[PDB]
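Because the Cβ atoms are built from the backbone with ideal geometry, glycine has one as well, and the counts that use them run over all protein chains shown. Every number in this text was worked out from the coordinates using simple rules, so none of it is lab data.
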Amino acid sequence: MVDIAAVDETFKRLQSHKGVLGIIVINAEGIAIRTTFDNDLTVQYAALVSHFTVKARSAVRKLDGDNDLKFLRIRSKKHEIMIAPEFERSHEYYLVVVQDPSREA
Amino acid sequence: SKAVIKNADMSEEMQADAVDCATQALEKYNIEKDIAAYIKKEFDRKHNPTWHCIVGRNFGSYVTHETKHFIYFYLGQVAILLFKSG
Amino acid sequence: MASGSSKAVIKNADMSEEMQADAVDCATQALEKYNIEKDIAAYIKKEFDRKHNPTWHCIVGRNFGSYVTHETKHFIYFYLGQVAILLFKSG
Amino acid sequence: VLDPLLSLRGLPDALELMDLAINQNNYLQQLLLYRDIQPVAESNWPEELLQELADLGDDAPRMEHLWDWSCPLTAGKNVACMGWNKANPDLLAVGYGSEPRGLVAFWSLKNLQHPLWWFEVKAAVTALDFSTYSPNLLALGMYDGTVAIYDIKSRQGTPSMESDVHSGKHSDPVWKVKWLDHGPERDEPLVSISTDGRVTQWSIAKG
Amino acid sequence: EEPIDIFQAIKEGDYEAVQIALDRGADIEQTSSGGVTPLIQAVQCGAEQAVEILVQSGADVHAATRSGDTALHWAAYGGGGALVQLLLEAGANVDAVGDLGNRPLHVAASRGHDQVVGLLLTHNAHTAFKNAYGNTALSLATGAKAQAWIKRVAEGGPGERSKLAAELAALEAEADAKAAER
Amino acid sequence: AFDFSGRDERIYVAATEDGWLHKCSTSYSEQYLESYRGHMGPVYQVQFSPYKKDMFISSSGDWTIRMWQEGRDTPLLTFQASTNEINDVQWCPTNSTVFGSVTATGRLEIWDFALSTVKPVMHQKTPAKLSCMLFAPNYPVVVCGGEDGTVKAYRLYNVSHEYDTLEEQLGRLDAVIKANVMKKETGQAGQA
Amino acid sequence: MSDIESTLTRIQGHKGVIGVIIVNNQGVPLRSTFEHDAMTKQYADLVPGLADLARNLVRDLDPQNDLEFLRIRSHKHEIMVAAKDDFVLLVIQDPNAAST
Amino acid sequence: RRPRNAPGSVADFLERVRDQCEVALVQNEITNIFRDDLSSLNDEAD
């Protein structure tokens, strides 16, 4: 089957929600797979999010070796970024959803 | 984060040493200034000072380095630059 | 393109004042003639080697960190706007 | 000894934001189920009518208890009145009172255990209403017959202004008050009713 | 002769092979492992010619996958105004309930496809409907101009829809004139 | 209590302790425009229905909710499903056939008179008595408060007609009114 | 002070709150609800670094934008971070307590 | 286009995290509305 259809449906359902600025899927290397932003902004998000989630995973593992990161989200004054991490032995992926919290429907 | 060697006037063993030291610095620190300080002090301890290290993601530099004493690589998306001079 | 002169926001200056001002002028002309950090650094280090007893080393960029052992009276780090310029003589 | 908490100017705001965090994490399941996200005469009621309601099945109009706004401060105080903010559909100003002292508490979905703000009035509240054009303005008719206006922006328990006997205070409890939505280009007066037999309009601009 | 795979012909753009398969008797409602009908597959691949070929041969315009997403929903994803119009005059439900109550107007707003949003609004897509996640088409629209279209639909109804159809026709005529000039 | 009519902000209906209601004009301070009688207890609450503004609902301490229309001194309808004082009644903003009410014994009763004019279609009882009640302006949520000091919220199901239009709401309301109101006035029109 | 203490008691009394720490800007925990100081020190030494990195990330995305509130959800415990100019409010809570 | 259930299944990862992402998105409206409680009130103030 075509995995593109499922990926597209998930991306559109995520982008539907209020104020969602965009969506990115990032590999273990800090490189985006699919993005709805421009190339430069997508690259900067990929780098920053990958580094931050690596440090956060290290801190969480130090705090509790039997506990692992499941979700992250940072709210700024104007935008909020939600990071969904997945650390499987075969692949490490991050889902970045950038949204405007204060947007009015 | 695999080390992405951009430029290397080095040997293989002490390239691996540079990669390991940079990894340790990144693990222990969170500031490019501190990471460069750790890298430079460790390489002064190990490999006949004086070395110089620059860590960061936005810089363009032109330096003169001693032969077999220069590396410029990427760990993830962070650029780390080493060169021996003086 | 913001013709107003960006003040030299000096952060560290271990050199003599006259050739610190010379370095500021060199950085200004280098940024005027080149828009690439590698070219700016290359030209800056070239002129500083020509007129200031080589060998120098120049690093220009907006976000990074460094720790070097420079020669006495041969170090600077400053700003022309938001871009950070670092110069140090070593060897 | 000054507690280092006092040196933290934003500490109360941070604590309120964490109250948000905890309450929202606790009632997230309730809100998700609310909005459908998947992660003598009673004995005389006709048995045929009850059977019709039963045969309606899931289509029968039913009820589900969601949550409760309750505070130890509000415990024991009769809920005299409530009112939604006319510009904020999720903020509920509640006047508690049975002269028994009255409390005004501003409840919301972010906190069910304590109001976001609360203040005190000399006796039991009887009527409250929000201004249509100035949602910060809350007009209160209280059990002694006094009509007052409160500005929630100041976050003060002192009324912005009051109605005394000289200004026409009712001698009997005032039970209903209502702002007059008569166009934004003119004043928004108040209308209050009391058991003294008086229905009185109040012009704010003249006190 | 071997049965020509209508799905493969659609994917490769082989409209003549699709027609040959339909003539010999390939099921126009055949479902793949994901329940993808030939019309849905053509819509996903952008094969407009295959889309009208299947429509005239008898493809279900209201056909949906296992999740409930229809060919109109997939055209809304593709953003092709031509595909959306073809399905609309083929008979696709303008407010078809996709996955979790997602209607084509909501979906087109979700990705901000201005042309699809406008075509659905002209075809009487209603902005007052809600998805399973408590969001309106206005809340799903990513572009401010599409948001304005959705709002003015909400307070204008069919007359505003007629004005929107007129302005969409004007924009299409301007684009055609520019293409002819080029 | 009092309620201003939407047809004219200067005209309203005010309830009294003697079981009376008065159509009053702020422009004419001397006399009430109209009089409504039938309550034998204090009419706690009176309010015009948002859908149709000539017809209004009231709740009284005489254990009765009463439906009235302008020009008729007698109530249109009388609802009494218990022997308890009904402190307050609030018309549902989502349906032109639903009103919630609170009793002095602590009962929240949602009535849909399109289905039954005798009993509420939903009822809930609490140990503490209920004093006031409201409907969420944007939500199918009913909030009630009383002696306990706690405001309790309840979601309603199969009560709302949010997607339904004002015109059909008025049509259904008038159909129910014609189906339930006794034909008293039809006997005199045929003798002229 | 009374309102602050009432809010602190309420936060302690909510369902699922594991431990609340208020740390000054130099990394010393001003107050801690944890009965053991070792875990408090570990949190006040690790998490504020993550908060500073988040603030740096936000500033890099937009220099006019600063960090406001941080959420770190793990398999067992969730960490809430509110970093102001002069202090950091850290807290560990069980996000699944709403299901219990 | 790596297929379903294959190693590195982006669709599987997205399906696993979709619910939590949309839950956070849902939380955002409540947070912003009750911040606008006081933020937007100053607009009526001045």
- Message: Can you compute the modelled spin-label distance between D:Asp68 and C:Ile36, with each label point 7 Å from Cα toward Cβ, in nm?
- Response: 7.2 nm
- Message: I want to make sure I understand the PRE zone here: with the label point 7 angstrom from the Cα of E:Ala169 toward its beta carbon, which residues in the stretch E:88-107 have backbone N atoms less than 14 Å away?
- Response: none
- Note on the structure: Answer in debye to the nearest 20: the dipole magnitude of the protein assembly as shown about its Cα centre, from +1 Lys/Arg and -1 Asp/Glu charges placed on Cβ, is 2220 debye
- Query: Using alpha carbons only, how many degrees (0 to 90, rounded to 10) separate the axis of helix C:17-33 from the longest principal axis of chain C?
  - Reply: 50 degrees
- Note on the structure: Straight-line reach check, F:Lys125, cutoff 16 Å on alpha carbons, 8 or more apart in-chain or any other chain, hits among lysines -> F:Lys152
- Once normalised by the length of the stretch E:1-106, the mean sequence separation of its alpha carbon contacts under 8 Å that are 6 or more apart gives a contact order in percent of 21 percent
- Message: With angles folded into 0 to 90 degrees, how steeply does helix G:37-61 sit against the dominant principal axis of chain G? Use alpha carbons for both and round to 10.
- Response: 30 degrees
- Message: Please compute the contact order of chain C in relative form: average sequence separation of alpha-carbon pairs under 8 Å and at least six residues apart, divided by the residue count, as a percent.
- Response: 38 percent
- Message: Test of understanding: express the Cα radius of gyration of the protein assembly as shown as a ratio to 2.2 N^0.38 Å, with N the residue count.
- Response: 1.16
- In this structure, the FRET efficiency calculated for D:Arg101 and G:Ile18 from their beta-carbon separation, with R0 = 45 Å, to the nearest 0.05, is 0.70
- Number of partner chain Cβ atoms within 10 Å, mean per residue of F:132-145: 5
- Note on the structure: Most fluctuating of G:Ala83, G:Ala51, G:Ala38 in the GNM of chain G (C-alpha, under 10 Å) is G:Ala38
- Message: On a 30 Å Cα-Cα criterion, which of the cross-link pairs E:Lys11/E:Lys151; F:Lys119/F:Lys183; D:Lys176/E:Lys151 come out too long?
- Response: E:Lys11/E:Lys151; D:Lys176/E:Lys151
- Taking the Cα centre of each part, how many Å lie between the stretch F:27-97 and the stretch E:21-43? 63 Å
- Sites D:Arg155 and G:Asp52, calculated FRET efficiency, Cβ-Cβ separation with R0 25 Å, nearest 0.05: 0.15
- Between the residues F:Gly61, F:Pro120, F:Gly100, the Cα farthest towards the positive end of the dipole of chain F, that dipole coming from +1 and -1 charges on the beta-carbon of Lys, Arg, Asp and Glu, is from F:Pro120
- Mean ellipticity per residue at 222 nm, deg cm²/dmol - from DSSP H runs of n ≥ 4 across chain F, formula -39500 (n - 2.57): -2500 deg cm²/dmol
- Point-charge dipole on Cβ atoms (K/R +1, D/E -1) for the stretch D:141-207, about Cα centre, debye to 20: 80 debye
- Message: How many angstrom lie between the Cα centre of the stretch D:151-177 and the Cα centre of the stretch A:21-39?
- Response: 58 Å
- Task: Positive end of the charge dipole of the stretch F:143-188 (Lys, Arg +1 and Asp, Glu -1 on Cβ, about the Cα centre): tell me which of F:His161, F:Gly146, F:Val181 has its Cα farthest that way.
- Result: F:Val181
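So what is the 222 nm mean residue ellipticity for chain D from helices alone, if each DSSP H run of at least 4 adds -39500 (n - 2.57) and you divide by all residues, rounding to the nearest 500 deg cm²/dmol?
Value at 222 nm, helices only: -5500 deg cm²/dmol.
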- Query: In nanometres, what is the gap between the two model label sites at D:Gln113 and F:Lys53, each 7 Å from Cα along Cα-to-Cβ?
  - Reply: 4.7 nm
- Item | Pairwise centroid distance, computed over Cα atoms, of the stretch F:117-192 with the stretch E:106-182, Å | 38 Å
- Using alpha-carbon coordinates, inclination of helix F:166-180 to the longest axis of chain F, degrees: 80 degrees
- Message: What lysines does B:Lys2 reach when the alpha-carbon gap must be under 29 Å and sequence neighbours fewer than 8 apart in one chain are set aside?
- Response: A:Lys55, A:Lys62, A:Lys70, B:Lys28, B:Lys33, B:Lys40, B:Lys41, B:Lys46, B:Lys68, B:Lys84, C:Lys38
- Using Cα positions and a limit of under 18 Å, work out the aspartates and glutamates in reach of D:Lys122, with same-chain residues fewer than 8 apart set aside. D:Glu99, D:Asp144, D:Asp151, D:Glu162, D:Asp164, D:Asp172
- Report the relative contact order of chain F, percent, no decimals, based on alpha-carbon pairs under 8 angstrom and at least 6 residues apart. 12 percent
- Computed, not fitted: 222 nm per-residue ellipticity of chain A from DSSP H runs ≥ 4 (each -39500 (n - 2.57)), nearest 500, equal to -12500 deg cm²/dmol
- Item | Cβ-placed point charges (K, R +1; D, E -1), dipole of the stretch A:2-104 about Cα centre in debye, nearest 20 | 440 debye
- Item | Cα gyration tensor shape of chain A, rounded if a/c is under 1.5, else prolate or oblate by comparing a/b with b/c | oblate
- Query: Among the trypsin sites (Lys or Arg not before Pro) within the stretch E:1-83, which fall in a DSSP loop and have no more than 14 other Cβ atoms within 10 Å of their own Cβ?
  - Reply: E:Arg66
- Note on the structure: Projecting the Cα atoms of E:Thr142, D:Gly197, D:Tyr150 onto the charge dipole of the protein assembly as shown, where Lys and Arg contribute +1 and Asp and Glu -1 at Cβ, the residue farthest towards the positive end is D:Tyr150
- Query: Computed FRET efficiency, Cβ-Cβ of E:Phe129 and D:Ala60, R0 25 Å: what is it to the nearest 0.05?
  - Reply: 0.50
- Note on the structure: With label points set 7 Å from each Cα along the Cα-to-Cβ direction at H:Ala45 and C:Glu71, the distance between them in nm comes to 6.2 nm
